[PDB]
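Okay, here we've got a single chain as structure tokens, the form deposited in one PDB entry, with questions on binding and movement later.
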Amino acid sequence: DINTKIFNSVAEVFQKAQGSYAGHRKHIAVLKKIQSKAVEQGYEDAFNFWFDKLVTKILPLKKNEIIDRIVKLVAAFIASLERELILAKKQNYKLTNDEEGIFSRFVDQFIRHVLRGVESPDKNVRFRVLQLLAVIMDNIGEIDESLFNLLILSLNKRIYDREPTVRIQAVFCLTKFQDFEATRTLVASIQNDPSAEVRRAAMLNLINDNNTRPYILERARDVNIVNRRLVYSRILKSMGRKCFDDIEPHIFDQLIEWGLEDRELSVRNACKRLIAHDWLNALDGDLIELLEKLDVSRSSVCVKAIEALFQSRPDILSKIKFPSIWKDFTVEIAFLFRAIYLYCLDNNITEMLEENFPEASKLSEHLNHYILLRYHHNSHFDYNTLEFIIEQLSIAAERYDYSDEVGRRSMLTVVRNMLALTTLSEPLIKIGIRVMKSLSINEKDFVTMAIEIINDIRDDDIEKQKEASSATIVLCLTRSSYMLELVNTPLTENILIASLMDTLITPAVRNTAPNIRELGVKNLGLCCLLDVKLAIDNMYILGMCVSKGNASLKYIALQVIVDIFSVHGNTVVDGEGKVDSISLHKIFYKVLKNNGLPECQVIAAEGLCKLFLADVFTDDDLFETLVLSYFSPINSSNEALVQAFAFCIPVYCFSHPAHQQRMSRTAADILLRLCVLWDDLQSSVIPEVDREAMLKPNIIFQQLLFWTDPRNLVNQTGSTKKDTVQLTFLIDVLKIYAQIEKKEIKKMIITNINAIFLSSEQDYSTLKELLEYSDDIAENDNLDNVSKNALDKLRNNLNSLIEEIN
């Protein structure tokens, strides 16, 4: 009697609660009524028994199935009971009606019930069992030891579940046990869990103290975009100013670097808004104080950050001026001055350029006062601080108008005296030269002045003693290279360079100190870019530098050869008194083959792609060797090389039809060779093993169709649709298809052929030929069934596109 009445009372609440959230608060108020009435009659366990039974009805349901209203009903019922308990304890000195016992007994009994399906075979049951626990975990109150150890054990097993969905519910349940062991489990999944959404769940709900923060912020380079975005959108936002006090400056500096340059705009905007809005408002708009947080020695990112701040806040922009009150200058204001001024020029802010900045002559005054204060001394972190201010002011000076003749002439005396200091740091040499170049507006004027500065330094060492000290030659070769870098006229028009080349450039190439020789090559290379004859006479010597030289020399000497070809074309080889092109082709082989020098492989590959794009290199066999190194197993561990090819081969194939063709002709043979490499690699057994160091022939094949797809060309004539570049390639693959022996490979090719692009405009004859070879394969050497269907799909399309004969 009573027992049946309880079931109906509780069953009716569920029967109408599944349909709508409307009357849930009444349902909860009723359930507590049925319960309280059931316990006084002595039928407490009857209420718990029927409450359990009825919840078992929803477990088989799929996720996102609207009859999770019961789930939301169970959670609301547990929460309210606990609320009454906590409240009742405060109201009353002593709980007189066993209120705590009933709750303690109901919750323990209920958890153990649902835990009966925590390892159920059904995907859906496992999910909702963890879902139920997740939504009621916080309000369980106090549990005895046995129940506690049963939850952590059951959860620690399900963190490794098959379905990611249940694993997300597995972390949610674990976030409630943090504060010991629960954190270690979350730290293991935030790094090792394959599902990007489990990483995300653990990321957002982890404790975020001084211990876990390194693991949370590590997600800023997660392969998933949302995860990389949320570290900026939520974690660093919720921390507010905690980032500046609690995060170590170097981890902090890297985070903003990754964000401002991330490959996804979504992530970039997330980081930008964090700077231009959240952090700036957090510091009450004090623009200078923000720059103190963003360390400015890492300027490149501070530029991306400030350049982003100006776009998000044009009003703050107009305000800042630089009156003659320069007495307040610091690294932050020095940086601002540069960023603001060059930002104005790039966007033609007429009004601001006019009065917001001092006049040229007035800037040279300040610029000098800092040089005197640093280099004419007679503390250390003051030296680095002054050198930085000189740099910033000098970058703005390079682009100053200099309409005033006095200003132009005043600044010129400051840089000329700066470049004459033997103690000037390389950063200030680089920019110092750039300003002198801007001031002359006459290349010969700029050259004659720089040579004097160089020779004066050289002579003062020789005369003060007959070839100058090695330390001095460095000072001249670095100043010399930064000069030649901006010289764009033949040597014959500047007679001093040939004399500069006679007295320390060519001697430097003959030196014994590696660092001087490398500098001597860089200047020699820079001279070759001006006089063709000079390049020709040194091609042999550079080639031998790249053959026998150490790692560093090999590195610089090879860039010179690529730059000589980039400028002078093929005129420096294959002629009278010149080197043979094959002699240099082989040099690139050894370098692109030099597994032991990865950094050298990069420029050999990046460079070889530059010369094919420029149409100075055209040998197919070399090009073929170029692509095979990309897919080769030995090079797969050279990230710089992999990313280089990943960008360069596409641009070569898509740059011009004549280049895409060269891939089509060679692509088929490349696939064949790479099929032999992979196959031979799966069979061979060698302690180092690793058969995964190579892309499977199905992805290689796939990749080759993408590069040969005429729809990816940058230029679209409209007559590029009748392009057979992709057809001829597939034909070449159906011909070499015969030469493959293994079945799984022959399956990897034939199952992807349908990605090809078919159009009626394509040549009839070449479509016919492609069909002939498709039929020949289909009707003779019989395939798997999945392969057969793929090949029959192609023929069907061919048979249809061909059929448009009218």
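Take the two forms, superpose them, and find the largest set of C-alpha atoms that agree within 1.5 Å; that set is the rigid core. A residue's number is simply how far along the shown sequence it sits, counting from 1.
As for the form deposited in another entry, it is not shown, yet the points below apply to it.
**Q** Core-aligned, between this form and the one not shown, one residue among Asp122, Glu405, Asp284, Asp346 moves its CA by 2 Å or more. Tell me which.
**A** None of the others reach 2 Å, which leaves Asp122.
**Q** Taking the rigid core as the reference frame, tell me whether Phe310 has a CA displacement of 2 angstroms or more between this form and the one not shown.
**A** No: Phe310 shifts by under 2 Å between this form and the one not shown.
**Q** Once the core is superposed between this form and the one not shown, does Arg219 show a C-alpha displacement of at least 2 Å?
**A** True for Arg219: a C-alpha shift of 2 Å or more.
**Q** At a 2 Å cut-off on C-alpha positions, does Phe172 qualify as shifted between this form and the one not shown after fitting the rigid core?
**A** Passes the 2 Å threshold, so yes.
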